[PDB]
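Here is the structure we will look at, set down as structure tokens.
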Amino acid sequence: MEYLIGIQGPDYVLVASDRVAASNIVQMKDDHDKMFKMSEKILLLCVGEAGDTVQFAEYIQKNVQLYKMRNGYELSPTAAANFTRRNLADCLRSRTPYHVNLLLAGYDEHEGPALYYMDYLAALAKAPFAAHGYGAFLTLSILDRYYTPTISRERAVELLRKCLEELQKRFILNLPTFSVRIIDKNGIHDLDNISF
Amino acid sequence: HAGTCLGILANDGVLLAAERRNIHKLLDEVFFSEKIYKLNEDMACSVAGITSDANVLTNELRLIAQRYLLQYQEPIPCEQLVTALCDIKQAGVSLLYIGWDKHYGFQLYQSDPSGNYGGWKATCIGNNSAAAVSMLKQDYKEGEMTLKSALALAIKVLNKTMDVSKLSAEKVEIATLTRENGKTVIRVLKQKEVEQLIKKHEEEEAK
Amino acid sequence: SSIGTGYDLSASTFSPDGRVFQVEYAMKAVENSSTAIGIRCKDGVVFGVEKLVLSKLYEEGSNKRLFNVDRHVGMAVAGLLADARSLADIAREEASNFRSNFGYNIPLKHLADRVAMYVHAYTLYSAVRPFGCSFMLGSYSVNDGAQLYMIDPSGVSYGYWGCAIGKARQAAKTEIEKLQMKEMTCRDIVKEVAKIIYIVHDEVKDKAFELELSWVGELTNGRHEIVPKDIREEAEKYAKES
Amino acid sequence: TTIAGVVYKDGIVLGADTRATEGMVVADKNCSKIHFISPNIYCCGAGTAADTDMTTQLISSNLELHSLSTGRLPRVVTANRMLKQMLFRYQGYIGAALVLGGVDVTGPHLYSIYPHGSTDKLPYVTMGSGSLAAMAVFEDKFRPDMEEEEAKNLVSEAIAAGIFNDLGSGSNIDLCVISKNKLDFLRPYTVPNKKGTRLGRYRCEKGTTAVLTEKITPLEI
Amino acid sequence: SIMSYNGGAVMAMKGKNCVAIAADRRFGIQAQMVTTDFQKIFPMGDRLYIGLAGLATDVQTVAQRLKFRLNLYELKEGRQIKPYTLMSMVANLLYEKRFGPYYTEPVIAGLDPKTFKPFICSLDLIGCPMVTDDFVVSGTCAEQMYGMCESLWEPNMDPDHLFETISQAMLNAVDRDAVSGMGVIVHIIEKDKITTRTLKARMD
Amino acid sequence: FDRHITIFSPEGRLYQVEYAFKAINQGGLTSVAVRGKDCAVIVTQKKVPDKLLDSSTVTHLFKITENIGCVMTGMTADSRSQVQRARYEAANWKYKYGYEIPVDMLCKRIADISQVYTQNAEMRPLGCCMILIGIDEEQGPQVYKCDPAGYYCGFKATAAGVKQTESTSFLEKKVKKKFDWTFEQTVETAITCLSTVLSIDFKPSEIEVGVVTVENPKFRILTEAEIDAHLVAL
Amino acid sequence: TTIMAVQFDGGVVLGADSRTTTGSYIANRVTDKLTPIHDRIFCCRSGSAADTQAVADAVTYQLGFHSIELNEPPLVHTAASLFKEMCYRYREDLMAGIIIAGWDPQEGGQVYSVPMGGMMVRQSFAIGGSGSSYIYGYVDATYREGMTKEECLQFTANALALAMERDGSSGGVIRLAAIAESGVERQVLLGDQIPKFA
Amino acid sequence: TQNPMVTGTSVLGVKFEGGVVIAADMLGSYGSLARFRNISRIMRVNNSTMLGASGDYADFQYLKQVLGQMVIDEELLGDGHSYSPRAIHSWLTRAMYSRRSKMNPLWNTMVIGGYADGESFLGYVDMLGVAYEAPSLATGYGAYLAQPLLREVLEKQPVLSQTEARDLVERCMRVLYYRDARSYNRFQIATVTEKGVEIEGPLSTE
Amino acid sequence: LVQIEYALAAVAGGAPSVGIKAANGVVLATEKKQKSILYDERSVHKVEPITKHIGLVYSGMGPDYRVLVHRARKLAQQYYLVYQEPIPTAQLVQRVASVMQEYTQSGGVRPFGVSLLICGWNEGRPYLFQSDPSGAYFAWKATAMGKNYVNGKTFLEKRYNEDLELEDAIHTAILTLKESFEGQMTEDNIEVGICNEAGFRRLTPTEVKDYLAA
């Protein structure tokens, strides 16, 4: 399984994801970005089955980019979460559902920063911190231990690295490299890759 | 030309001012939504047409205002609701639209029957519109307008366009749309508050 | 005389005295075509058609004016022949869908109503014209006996003892009334059906013609067949001598 | 569920219990199982609970459209044949088990309607899970052409024989008496089983539950 | 049991001239807490609430389809909805997708806006209405609060006495359920005010 | 262009519907119906225009159900088409509702079909009118009539065709002095009505009579010798 | 179920039991499995109690509309052919075994058996239902050729009573019907009026 | 048919000098029950083609009215063209193959006999559209119990007379009555010649 | 808008119908004359029920009314299947006038030659609307259609006073049909329907004869 994590602070929505994509026993790509940018200030971290991720997240990326073109202003992160939740929910009763586990993360000029969670059944939940994959089972309790709601963005990188070192020590899959990027009020920056 | 609804934009609210027209005496004075049709929690409208084709145009705007809210869980911005009907009318009545959204603040629009809209600071549609469009262009401080100063302008330009000797205090339907404590309030003003603006005009204009 | 108003451009339009002209104009193509007759006897139904030949190049058997619509029913048409071949193909499909649903040969009182309500159905709409063909239908069975119905382009379907359709339908009917056919047998009327054709044929105007004959009756076990080359030649000799 | 019906020479007496179960635990103690169709035709209901409700309501609207258009009181054979031609079309995929009964101009008629669309016109039927317990009373104590109060005592004894013997039945007995003249919809007819009066006193005092936060929103009058 | 995929524990209880609806706060995948602030009680009027348990993605779908159908109702009719009618509006929303259902079992609780009579209801997953005078429950821990509410419900309760009765029934039922809990939220709907209290619970 | 389709006149008239009533008078025939206290009779002219007609195939009386009778007056091809809907709609009532259709609801079914011809411009009205007779279960005998317009009123006695107006004045006059009828001597009222206005009364094999009674509800067309009994006594 | 139809010279004789079960419980014990399709044509229903009612009510509609158009009493072969085309088109979704017996003026008394699968064959006597298997030897032995109307009634009533005694799915009372030119004569045998063979 | 209800059994067939004789027993089995004992499983298609079928007798009664109406439809238009025995066989191959492709087969197995234009035709059609022509055919357990008796005579004597192939069929019917549980005492042989199709009466084995 | 103006000519040629909204009720009175004594007076009905609480009468063409009385009964039961409440009278007229508008809109179909008067009762408050062939609909206190409706609406305006009860509205409705009757109205020549808290019902002809004694 592939790994997602998000840490919301007072003004930043720090997210990370692995850079590995795997077939059966080999792994095929060593630098695979699983993060899709939708606006200047929101992302969408999508994992799940083969194929359904790049078909759903590209569908949500261009329909939210279509909202910016028709209107000039971009969607809020809350409305982009409910737009993502709306499409994933009403297709799971159709003949072609999607098996994508999402982690949406954006900043808003009025409402502030926001991290969103949904499973493959499209149950949207706003969380201060969330994670996906089998590696979520290890790393949520480092986050349940050391997360204050007012954590600085430099103490959130070191909180992120404690979670990723737990995957190096305890998790059975080789997840050596991670893409890390921050979503403060100035947009989507890109922190240096945490690798081991 | 049937209605006489007019919009006025202010710094802290927009207001529609429609007149209740009753042709025959045996028409029932309806106690329902008469002239100012509320579209969702932060936007209202008014039509220049008969109250049967009003119920087609407003209950189509309310489908668009709730297919948006079902899809994004946010209230619709007060230009996309104007635009989506103007796309439907592009494929036969003129409207006004008052509302508030977080993008461009207090808004006022005017949909042509051809399918064209425009943002107005104050305008009129319906009976004797150009008689009162010209009267608004005389006296409207385009930016220095308070709500009550806009509200006194409404019953000023309605006393020179409708009726005889009382400004039809029980037949004029001012609704104001304000911001208060985060939510959005739409106040169809009551008959006691609508009568006193006639009283505060007939005293101030005679003196 | 003429009318310039459009009360005769559609069959979905009544005239201001209550006539549908496009139906009444459709039975002018029937009233101008050559004569087809049919006489019912005590033991069957005989048809006979004055078949005009229009070119010596046409083979004997072209423009078959006697159809078989089921293995017990015949059909003798008048009028616009291209429309008659379409009402032959409807009468065959109606007779075929009856056996596919009810499992026996279709009665002739009921076949000539399914077809007559197909002809009527085109006399109602502005998109289709009425048929330019009256026609007859004759059958024989142990149950129903001998029956002969005619269908007009209006869609009315009556049952006849003797019938005539075509431009000499008036002169043919007064010859059929000379017959007292309720006592005569089926072979004796093939002599008479062929006799009436040679009488009503105006050899001055119409150049030349073949004679088509077909019975249906108890002498061929109730199936509709073309009269053979021997019995048609004798009836063409008894007529041309008369 | 225990629903029943009988014919009493002047009409139809319909009976039903009130226990609605969700699994093997009692959901509603005062359920209503006798449904309206027309002012002279009611219909008890067993089987799937929603497939009984939304079907008899559909028949009660399709037969009001028949009633207003004909301008006369509907017939029970119409309500039979609307039901059996609908349940057959869904091939038993809607579990409607019905004790349709009513009084029309032809007289008293009572039908049992099975979910696959088979119907059966009897002088006495029972359906439901307690149906076998209630035919014990009708095969023993039914005689043709009874009186009104004699038939009500028969149907109430039949539903009570389903209350005290079926686990998915109980808590009250609903009756419905239809005649040519009247209609007695007797909703608390017999209460065989009541809740016992409690001996202890377990009332939550004020201030027991601690609260984290409390937001109070006053509403306009 | 797909309705135990996310847990859920929603309960309504009728009092005198007031109702009370209560639910838990947990959002969980099969046995894994995700959030502790998941909304299961939705405002459907001035004093009329619905509560949804079951599969948590239909907690959010049915609450938005209904708010879609409620806002069209409240503007076309020109009045607030009667609580007996919202019951049938949910009962047509759930039965329309019968063959393949919304995996939720909603309970509604509100006041009749012209009479202020208390009304509570419960619905099956395919839309079977159920009007009780005492209480209705729904959720993974259904039998646990069936037993707490024929022990504590007395008729004709005061609003401060109703609040203790529904909260002491929610707390002791979700503590005997593994997948329901993480805090309880309680709404007391009265004639003149709505008091929303979330209360101290065991966080598993 | 408001005379070639069924749209309104500036005075508010449908001209094709009015022209369709003139199509009923083109048949040259006339039908008379009358209701008794326990019976219902219909009487037509049976014109045999050709000597080669099988007269058993020329009729205007039709069984619609086992106990609902009909008589069609007007365009003969339109008449057989409107029987076929009454044949269908009366047997479709029995399959959907489990009881015999009333004469109330069969005229209202046929007239609602006929209204659609008077509103869609893509089809003409049928130029023929239907008179349905039958015994109700609770109201006794019924004699109703549809028209090309779509009116389905109920009658004590009615008429149709070329002598419609003249036969009405004969039926109005007898329905004012007495109760218009009694039992199956009501047949004598209708045969005099068609013989007074047409002024022939030549033979007893030139009419066609059908009856429904309370004691026998089924529609039975009277034979020639059965109808000679009422005419020898007339 | 045990149904039976026997042809004589002048008409037919019908017969059925009156028991409809749901497995091993008797839901109805006074059922009427002889349904009138037309005035002189019946069917005997056997098999699925919902399929046979929904087929027979459709053929009563299809034959009733066919008969008023033709203005003749319809053929019994025509009635069974409607059952054939109904049972054959939907035999992937029916369990309806029908035997059709009646009278028509063209060929007298006729018995047609349409079993499951919807073939149609004219038999001199037809037997059907789950209890028909118990009396094949009885009805093949004592069937004379040319029995009277009263003799076919006792031959039907003995043969049904023998199968009701052996089949659990059969039982109840015997419903007999005789269809001839004169009309339909229906009698119901209950109690000691039913034959007992010891 | 997705499940056959009233089945037939082995239909023979053998071509001789100037015609084809096929035979079948007069019996429909409702699953090891001799239920209908007077049914004909051999069809006269037209004057030069005959047809017998095993398998479901209800599906065969459907083919008697589809192929039966199709023969009448060619006789109405009177053009002189009838269907050849190869035409019915090639039509019926397309009918049976189209029904397996809808996964709704006709549960039959036909033997198309025929004599036209101075050739005997004998064609097999299965329920899968499997079609061929052979000097001898036998469906069902006749493919095991009688097709060895037909192929042995047709190797030593490749051309039979009419009486040689008639007694050969009746030798094969008697083996089928002895050794096929679904078989029956009464059968019928039908024969096409230059004269036409002649179905014989209820012949009995002895 | 040409056929719509001409359909109103078919309404204004139709028989008079009068509707008056009282304090606690609505009355719908109309003209049901017969051309001859041969017509059964009680066979067809002009005042006609929709729900238990809604009835409607017409002026104009007879058969076009039955299309609208068959759709208004469907639209009242399509409401009742969904919401399980009797349909508001305001909401019924919005759906009926949408049907009447739907035939003006589509081509090749003439409009209805029918105006409707639609009574009703909801929430303890009476309702009386009028739907035109254009699809327009108006709420009325009292109005009239048919022959001499201009004289009818002026007659109603002099004799209307909103404090009148339902029994006082049946008199002023028959007095409005009295002015343009041209004959002698019996219990059969008119049809009255009243709508109150108990629901809609058309009056039996023996009940009308008590009101004709005034």
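Simple scheme: letters A, B, ... for chains in structure tokens order, numbers from 1 for residues in each chain, numbers from 1 for ligands in the order shown.
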(request) Please identify all polymer residues within 9 Å of region 30-38 of chain B, counting only C-alpha atoms, omitting same-chain residues fewer than 2 positions from it, and present them as a ChimeraX atom specification. (result) /B:5,16-20,27-28,40-47,51,54,58,62,173-175,186,188 /E:75,78 /I:139
Restrict the selected residues to N, CA and C atoms and save them as a compact mmCIF listing (two decimals), in the first residue's frame.
# COMPACT_ATOMS: atom_id res chain seq x y z
N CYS B 5 -40.45 47.17 -9.75
CA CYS B 5 -39.42 46.86 -8.78
C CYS B 5 -38.11 47.56 -9.15
N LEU B 16 -34.52 45.80 -2.68
CA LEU B 16 -35.55 45.81 -3.71
C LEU B 16 -36.75 46.59 -3.21
N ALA B 17 -37.43 47.27 -4.14
CA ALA B 17 -38.61 48.07 -3.80
C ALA B 17 -39.65 47.86 -4.89
N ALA B 18 -40.51 46.87 -4.69
CA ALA B 18 -41.58 46.58 -5.63
C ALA B 18 -42.90 47.12 -5.10
N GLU B 19 -43.79 47.46 -6.02
CA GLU B 19 -45.12 47.93 -5.69
C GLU B 19 -46.12 46.81 -5.94
N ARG B 20 -47.03 46.61 -5.00
CA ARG B 20 -48.06 45.59 -5.13
C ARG B 20 -49.19 46.17 -5.98
N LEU B 27 -59.82 40.65 -6.45
CA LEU B 27 -58.62 39.84 -6.34
C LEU B 27 -58.25 39.69 -4.87
N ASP B 28 -57.91 38.47 -4.48
CA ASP B 28 -57.59 38.21 -3.09
C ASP B 28 -56.20 38.75 -2.78
N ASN B 40 -32.28 31.76 -1.98
CA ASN B 40 -31.68 30.92 -0.95
C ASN B 40 -31.34 31.82 0.23
N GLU B 41 -30.48 31.33 1.12
CA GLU B 41 -30.20 31.99 2.39
C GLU B 41 -29.50 33.33 2.26
N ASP B 42 -28.96 33.67 1.09
CA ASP B 42 -28.24 34.93 0.96
C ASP B 42 -28.49 35.64 -0.36
N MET B 43 -29.67 35.44 -0.97
CA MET B 43 -29.95 36.03 -2.27
C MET B 43 -31.46 36.06 -2.50
N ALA B 44 -31.96 37.17 -3.03
CA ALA B 44 -33.37 37.33 -3.37
C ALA B 44 -33.50 37.92 -4.77
N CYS B 45 -34.73 37.92 -5.30
CA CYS B 45 -34.95 38.42 -6.64
C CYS B 45 -36.33 39.05 -6.72
N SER B 46 -36.61 39.64 -7.89
CA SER B 46 -37.91 40.21 -8.20
C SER B 46 -38.05 40.27 -9.71
N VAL B 47 -39.24 39.98 -10.22
CA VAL B 47 -39.46 39.85 -11.65
C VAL B 47 -40.33 40.98 -12.15
N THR B 51 -47.35 36.80 -12.02
CA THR B 51 -47.03 35.90 -10.92
C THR B 51 -47.17 34.42 -11.26
N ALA B 54 -43.58 34.11 -12.95
CA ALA B 54 -42.65 34.29 -11.85
C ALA B 54 -42.32 32.97 -11.19
N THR B 58 -38.56 31.62 -10.83
CA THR B 58 -37.94 31.55 -9.51
C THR B 58 -37.70 30.12 -9.07
N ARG B 62 -34.16 28.41 -8.07
CA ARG B 62 -34.01 27.64 -6.84
C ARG B 62 -33.52 26.23 -7.09
N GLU B 173 -43.57 47.08 -1.39
CA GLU B 173 -43.00 45.86 -0.82
C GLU B 173 -41.49 45.91 -0.68
N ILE B 174 -40.95 46.93 -0.01
CA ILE B 174 -39.51 47.05 0.17
C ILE B 174 -38.97 45.87 0.97
N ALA B 175 -37.94 45.23 0.44
CA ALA B 175 -37.17 44.22 1.16
C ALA B 175 -35.71 44.62 1.15
N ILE B 186 -32.59 38.59 5.38
CA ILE B 186 -33.47 39.17 4.38
C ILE B 186 -34.74 39.61 5.08
N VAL B 188 -38.08 41.40 4.56
CA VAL B 188 -39.25 42.06 3.98
C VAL B 188 -39.83 42.93 5.09
N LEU E 75 -39.32 26.70 0.22
CA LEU E 75 -39.48 27.90 -0.59
C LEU E 75 -40.66 27.84 -1.53
N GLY E 78 -43.66 27.96 0.97
CA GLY E 78 -43.71 29.20 1.71
C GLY E 78 -43.86 29.04 3.20
N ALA I 139 -55.59 34.52 -7.74
CA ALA I 139 -56.38 34.32 -6.54
C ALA I 139 -57.51 35.32 -6.50
(message) For a quick test of understanding: name the residues of chain C lying within 9 Å of chain F when counting only C-alpha atoms, and present them as a ChimeraX atom specification.
(response) /C:6-7,10-20,109,113,116-117,120-121,124-127,154-163,173,176-177
Using only C-alpha atoms, determine which residues of chain A fall within 12 Å of chain B; present them as an mmCIF file with N, CA, C and O atoms, in the first residue's frame.
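Result file part11.cif:
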data_model
loop_
_atom_site.group_PDB
_atom_site.id
_atom_site.type_symbol
_atom_site.label_atom_id
_atom_site.label_comp_id
_atom_site.auth_asym_id
_atom_site.auth_seq_id
_atom_site.Cartn_x
_atom_site.Cartn_y
_atom_site.Cartn_z
ATOM 1 N N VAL A 64 -11.962 21.354 -11.250
ATOM 2 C CA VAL A 64 -11.734 22.463 -10.337
ATOM 3 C C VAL A 64 -10.954 23.562 -11.039
ATOM 4 O O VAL A 64 -11.163 24.751 -10.773
ATOM 5 N N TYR A 67 -13.463 25.523 -12.792
ATOM 6 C CA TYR A 67 -14.150 26.494 -11.950
ATOM 7 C C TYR A 67 -13.397 27.815 -11.914
ATOM 8 O O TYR A 67 -14.011 28.880 -11.819
ATOM 9 N N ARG A 70 -14.089 29.615 -15.500
ATOM 10 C CA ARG A 70 -15.434 30.163 -15.639
ATOM 11 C C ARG A 70 -15.686 31.368 -14.746
ATOM 12 O O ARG A 70 -16.588 32.157 -15.036
ATOM 13 N N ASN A 71 -14.914 31.534 -13.677
ATOM 14 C CA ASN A 71 -15.261 32.480 -12.635
ATOM 15 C C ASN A 71 -14.149 33.443 -12.268
ATOM 16 O O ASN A 71 -14.449 34.539 -11.789
ATOM 17 N N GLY A 72 -12.901 33.094 -12.474
ATOM 18 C CA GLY A 72 -11.812 33.966 -12.064
ATOM 19 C C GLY A 72 -11.286 33.655 -10.689
ATOM 20 O O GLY A 72 -10.079 33.678 -10.461
ATOM 21 N N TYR A 73 -12.181 33.370 -9.755
ATOM 22 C CA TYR A 73 -11.783 32.948 -8.426
ATOM 23 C C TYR A 73 -11.813 31.431 -8.315
ATOM 24 O O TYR A 73 -12.625 30.755 -8.948
ATOM 25 N N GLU A 74 -10.911 30.901 -7.507
ATOM 26 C CA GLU A 74 -10.808 29.466 -7.329
ATOM 27 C C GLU A 74 -11.777 29.001 -6.251
ATOM 28 O O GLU A 74 -12.330 29.799 -5.493
ATOM 29 N N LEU A 75 -11.995 27.692 -6.200
ATOM 30 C CA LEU A 75 -12.801 27.120 -5.134
ATOM 31 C C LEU A 75 -12.114 27.266 -3.786
ATOM 32 O O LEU A 75 -10.888 27.345 -3.688
ATOM 33 N N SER A 76 -12.928 27.321 -2.741
ATOM 34 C CA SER A 76 -12.425 27.176 -1.398
ATOM 35 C C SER A 76 -12.054 25.717 -1.167
ATOM 36 O O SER A 76 -12.565 24.832 -1.854
ATOM 37 N N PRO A 77 -11.141 25.444 -0.229
ATOM 38 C CA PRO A 77 -10.789 24.047 0.063
ATOM 39 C C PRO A 77 -11.934 23.226 0.603
ATOM 40 O O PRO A 77 -11.943 22.005 0.422
ATOM 41 N N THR A 78 -12.902 23.857 1.259
ATOM 42 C CA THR A 78 -14.058 23.122 1.750
ATOM 43 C C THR A 78 -14.966 22.715 0.600
ATOM 44 O O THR A 78 -15.432 21.574 0.540
ATOM 45 N N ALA A 79 -15.205 23.630 -0.341
ATOM 46 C CA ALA A 79 -16.055 23.307 -1.478
ATOM 47 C C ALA A 79 -15.370 22.352 -2.437
ATOM 48 O O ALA A 79 -16.043 21.563 -3.100
ATOM 49 N N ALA A 80 -14.044 22.396 -2.525
ATOM 50 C CA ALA A 80 -13.354 21.416 -3.350
ATOM 51 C C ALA A 80 -13.346 20.049 -2.692
ATOM 52 O O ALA A 80 -13.241 19.034 -3.382
ATOM 53 N N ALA A 81 -13.454 20.003 -1.366
ATOM 54 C CA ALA A 81 -13.578 18.722 -0.687
ATOM 55 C C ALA A 81 -14.958 18.128 -0.899
ATOM 56 O O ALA A 81 -15.090 16.929 -1.161
ATOM 57 N N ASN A 82 -15.998 18.952 -0.792
ATOM 58 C CA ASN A 82 -17.351 18.463 -1.011
ATOM 59 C C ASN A 82 -17.617 18.178 -2.477
ATOM 60 O O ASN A 82 -18.437 17.315 -2.787
ATOM 61 N N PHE A 83 -16.947 18.887 -3.388
ATOM 62 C CA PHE A 83 -17.044 18.548 -4.806
ATOM 63 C C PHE A 83 -16.370 17.222 -5.098
ATOM 64 O O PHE A 83 -16.848 16.441 -5.925
ATOM 65 N N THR A 84 -15.254 16.961 -4.432
ATOM 66 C CA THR A 84 -14.588 15.680 -4.584
ATOM 67 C C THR A 84 -15.410 14.568 -3.955
ATOM 68 O O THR A 84 -15.544 13.485 -4.532
ATOM 69 N N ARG A 85 -15.990 14.836 -2.785
ATOM 70 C CA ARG A 85 -16.826 13.856 -2.104
ATOM 71 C C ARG A 85 -18.108 13.583 -2.875
ATOM 72 O O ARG A 85 -18.633 12.470 -2.817
ATOM 73 N N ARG A 86 -18.633 14.582 -3.582
ATOM 74 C CA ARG A 86 -19.875 14.398 -4.321
ATOM 75 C C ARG A 86 -19.687 13.444 -5.485
ATOM 76 O O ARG A 86 -20.542 12.595 -5.738
ATOM 77 N N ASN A 87 -18.562 13.554 -6.189
ATOM 78 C CA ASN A 87 -18.358 12.733 -7.374
ATOM 79 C C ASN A 87 -17.970 11.315 -7.005
ATOM 80 O O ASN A 87 -18.344 10.364 -7.694
ATOM 81 N N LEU A 88 -17.216 11.152 -5.923
ATOM 82 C CA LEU A 88 -16.806 9.820 -5.511
ATOM 83 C C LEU A 88 -17.961 9.045 -4.893
ATOM 84 O O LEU A 88 -17.993 7.814 -4.972
ATOM 85 N N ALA A 89 -18.930 9.738 -4.305
ATOM 86 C CA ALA A 89 -20.013 9.034 -3.638
ATOM 87 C C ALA A 89 -21.043 8.527 -4.632
ATOM 88 O O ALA A 89 -21.483 7.378 -4.547
ATOM 89 N N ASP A 90 -21.438 9.357 -5.586
ATOM 90 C CA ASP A 90 -22.522 8.950 -6.463
ATOM 91 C C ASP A 90 -22.062 8.056 -7.602
ATOM 92 O O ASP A 90 -22.897 7.623 -8.401
ATOM 93 N N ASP A 108 -7.384 28.568 2.824
ATOM 94 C CA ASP A 108 -8.385 29.546 2.433
ATOM 95 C C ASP A 108 -8.042 30.894 3.042
ATOM 96 O O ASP A 108 -7.580 30.965 4.183
ATOM 97 N N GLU A 109 -8.283 31.962 2.278
ATOM 98 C CA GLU A 109 -7.942 33.304 2.741
ATOM 99 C C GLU A 109 -8.837 33.759 3.884
ATOM 100 O O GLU A 109 -8.433 34.609 4.684
ATOM 101 N N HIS A 110 -10.043 33.207 3.988
ATOM 102 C CA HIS A 110 -10.966 33.563 5.054
ATOM 103 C C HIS A 110 -11.066 32.475 6.113
ATOM 104 O O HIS A 110 -10.858 32.746 7.298
ATOM 105 N N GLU A 111 -11.375 31.241 5.719
ATOM 106 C CA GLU A 111 -11.621 30.188 6.693
ATOM 107 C C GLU A 111 -10.345 29.639 7.311
ATOM 108 O O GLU A 111 -10.411 29.000 8.365
ATOM 109 N N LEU A 124 -16.525 12.142 3.905
ATOM 110 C CA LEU A 124 -15.640 13.268 4.147
ATOM 111 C C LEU A 124 -15.565 13.577 5.633
ATOM 112 O O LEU A 124 -16.591 13.692 6.304
#
(message) If we count only C-alpha atoms and set the cut-off at 8 Å, which residues sit around residue 211 (chain I), ignoring sequence neighbours fewer than 4 positions away in its own chain? Please answer as a count of residues only.
(response) 3
(request) Would you please extract all strand (DSSP E or B) residues from region 4-194 of chain E, as assigned by DSSP on the backbone, and give them as a ChimeraX atom specification? (result) /E:9-15,18-24,27-29,32-35,41-43,48-51,54,104,107-111,118-123,129-131,135-139,184-189,193-194
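Checking B:26, B:6, B:185, B:14 one by one against chain I, counting only C-alpha atoms, you find the shortest gap at B:26.
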(message) Residues of chain D were defined as contacting chain E if any atom lay at most 8 Å from it, counting only C-alpha atoms; please report them as a list in words.
(response) residues 25, 28, 29, 30, 31, 49, 50, 53, 202, 203, 204, 205, 206, 207, 208, 209, 210, 211, 212, 213, 214, 215, 216, 217, 218, 219, 220 and 221 of chain D
(message) Please return, as a PyMOL selection string, all residues of region 49-152 of chain G that DSSP assigns to alpha helix (DSSP H) on the basis of the backbone.
(response) chain G and resi 51-70+76-89+136-141+149-152
Which chain I residues have any atom within 7 Å of an atom of chain F, and for each, what is the nearest pair of atoms with distance in Å to one decimal, counting only C-alpha atoms, rows sorted by chain and number, as a tab-separated table?
residue	atom	partner	partner_atom	distance
I:3	CA	F:8	CA	6.4
I:6	CA	F:12	CA	5.3
I:7	CA	F:12	CA	5.9
I:9	CA	F:12	CA	4.9
I:10	CA	F:12	CA	4.5
I:37	CA	F:172	CA	6.4
I:38	CA	F:156	CA	5.0
I:39	CA	F:155	CA	4.6
I:40	CA	F:154	CA	4.9
I:43	CA	F:154	CA	5.2
I:44	CA	F:153	CA	6.1
I:62	CA	F:151	CA	6.8
I:63	CA	F:150	CA	5.4
I:108	CA	F:121	CA	5.2
I:109	CA	F:120	CA	4.7
I:110	CA	F:7	CA	5.4
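Around region 92-98 of chain A, within 9 Å and counting only C-alpha atoms, the residues found are residues 48, 49, 52, 53, 55, 56, 120, 121 and 122 of chain A; 100 of chain E, once anything fewer than 6 positions away on its own chain is removed.
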